[PDB]
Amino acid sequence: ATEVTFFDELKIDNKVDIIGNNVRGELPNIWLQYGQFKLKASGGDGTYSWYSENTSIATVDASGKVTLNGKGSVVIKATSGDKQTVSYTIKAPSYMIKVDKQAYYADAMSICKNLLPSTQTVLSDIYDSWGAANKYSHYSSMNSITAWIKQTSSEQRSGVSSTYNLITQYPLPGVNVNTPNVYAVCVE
């Protein structure tokens, strides 16, 4: 006959831990596909288990680390050992960035069905919200991710287009359309 413990009500912290930049704040409105973050649970008996109501949109492991997989809204549930369950909802993003294979500008256009990032900000804003792409499991191997930017009217005339690197923040204008080592990043 030992003594009993008492717990507070289970609560999922609204403050999210973004793996890429060590930021503790709400989930970014704009998404990097396969970006990751740690949901912080509290209360209960300290032991939790996580569940996704839709893997197509997002997945979650045993540590609370959530991986974004698709554009949309999904509910994540945390269950403490003492039989408490709490919901945390993921609001769909304004847009999400996808990284396909490397290609020339023209090909990248068709690949992304003409949904290449409209400006450098579309891409740089994602770095500000998530940080270096390779800090995430899905991109760990890569050291550089150069992405096409939608070429301006003048750029289309000269056969070039500027680029932005999702890891190095490196901007680069006047890149010939038929340049290798450039990823087709679809903005959806």
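All residue numbers are counted from 1 along the displayed sequence.
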For 37-45 versus 117-125, entry-based mean Cα B-factors point to 37-45
For the stretches 176-184 and 17-25, which has the higher mean C-alpha B-factor as given in the deposited record? 17-25
Would you mind finding, among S144, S161, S153, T67, the residue with the largest C-alpha temperature factor in the entry? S153
Going by what the PDB entry lists, where does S63 fall on CA B-factor within its chain: lowest, middle or highest third? highest
Divide the modelled residues of the chain into thirds by Cα B-factor and specify which third, lowest, middle or highest, holds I149. middle
Where does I57 sit by CA temperature factor within its chain: lowest, middle or highest third? highest
Divide the modelled residues of the chain into thirds by Cα B-factor and specify which third, lowest, middle or highest, holds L10. middle
Can you tell me whether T79 has a C-alpha B-factor in the lowest, middle or highest third compared with the other modelled residues of the same chain? highest
